[PDB]
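Shown next as structure tokens: one chain only, the form deposited in one PDB entry.
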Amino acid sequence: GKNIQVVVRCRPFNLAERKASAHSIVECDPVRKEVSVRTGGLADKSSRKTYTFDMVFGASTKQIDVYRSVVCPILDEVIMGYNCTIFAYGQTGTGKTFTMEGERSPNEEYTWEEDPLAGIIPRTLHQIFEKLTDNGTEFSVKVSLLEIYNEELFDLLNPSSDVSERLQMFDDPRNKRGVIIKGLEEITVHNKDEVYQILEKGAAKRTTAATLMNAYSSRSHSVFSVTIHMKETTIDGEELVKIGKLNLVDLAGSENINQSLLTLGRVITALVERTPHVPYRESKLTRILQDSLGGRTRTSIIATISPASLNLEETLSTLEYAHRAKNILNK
């Protein structure tokens, strides 16, 4: 089969950390695909815990590095007409949103297409209209942003209804690994020069959500999905139809009440321990992404961590968690 691919990304020290000359307890070595953590002692002598992953990125990693090495390959499979999912997992403040969405560089330095701080989502949409418009492919693109807060579903892209409007989900009559999400708005994206606008509306809606729900940005789970309908007309004249779907999942903070987060962990454990029963149905998150966990979707997890000594317990928790997920087998 194809085991779930797991990569670790350690973010750098923030400006409010360097002024204190903070000592890092995290060492990354991409070539060895390892991440080493200082668990005690001194900088002259100490013990450490090491873990090997499918890939490892350190503080110096740029957004372009992440996209080229992990996303590009995945997007290509999506273009081939396959289903793919990428999870962002880790403690609040470690880089989940930065990685999945990115942000705008300060003082309007670049346009959104050239902003080096752009994350996976914008780069993906942009490239999509770049690699397909390149070919004589007849294609369409739809996006949806589904968010889960306290086990309730919200549409963060519907410009018609406000966030407070919760959605309903049901099991799909056909697909046994799928569900039906009543009301989930799907937005057609005609061209890259329409991408930014769609994302801005999402960010804006997220602000109203923050107002209404406590610690919304750290406790919610978000699923940004992109579906590509393609009518390919190869140079040989044959017209092949393909449907590609990609799920960019930004999970709630993992730091020590969140039924979806608890269940995801239990689903992963059940899968790795080969336990007969997998509790997918015990949460909205796992029911919605059932196929991404031991199913027929290509899945990858980007675990984000802090290099600060103060986050040791949480960083170790994140690594152990990510480490275990490597043993999951999809098809």
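Quick note: we count residues from 1 along the sequence shown, nothing fancier. Note that the rigid core is defined as the largest set of C-alphas that superpose within 1.5 Å between two forms.
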Taking only the other compared entries that model residues on either side of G237, decide whether it is unmodelled in at least a third of them.
yes
Using a one-third cut-off over the other compared PDB entries, is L42 one of the residues left without coordinates?
yes
In the entry, residues of the deposited sequence missing between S160 and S161 amount to none
245-253 versus 180-188 - which carries the larger mean C-alpha B factor in the record
180-188
Of 8-16 and 315-323, which one has the bigger average CA B-factor?
8-16
Can you tell me which of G294, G58, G40, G265 has the maximum CA B-factor listed in the PDB entry?
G40
Whose C-alpha has the highest temperature factor in the PDB entry: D54, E273, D65, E282?
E273
When the modelled residues of the chain are sorted by Cα temperature factor, does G136 land in the lowest, middle or highest third?
highest
By the recorded C-alpha temperature factor, relative to the other modelled residues in its chain, which third is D236 in?
highest
Check where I74 lands among this chain's C-alpha B-factors and tell me if it's the lowest, middle or highest third.
middle
Lowest, middle or highest third: where is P173 by Cα B-factor in its chain?
highest
Going by what the PDB entry lists, where does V195 fall on CA B-factor within its chain: lowest, middle or highest third?
highest
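Heads up, the form deposited in another entry isn't pictured, but that's what we're talking about next.
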Overlay on the rigid core first, then point out the one of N150, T133, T188, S161 whose CA is displaced 2 Å or more between the shown form and the other one.
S161
Would you say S60 moves between the shown form and the other one, meaning its CA shifts by 2 Å or more once the core is fitted?
no
Superposing on the rigid core, does the Cα of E313 end up 2 Å or more away between the shown form and the other one?
no
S46 C-alpha moves between the shown form and the other one by 2 Å or more, core aligned:
yes
Tell me whether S60 and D44 end up closer or farther apart in that other deposited form, going by their C-alpha atoms; the shift is 3 Å or more.
farther
I want to verify one pair: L316 and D44. Are their C-alpha atoms nearer or more distant in that other deposited form compared with the form I supplied, knowing the change is 3 Å or more?
closer
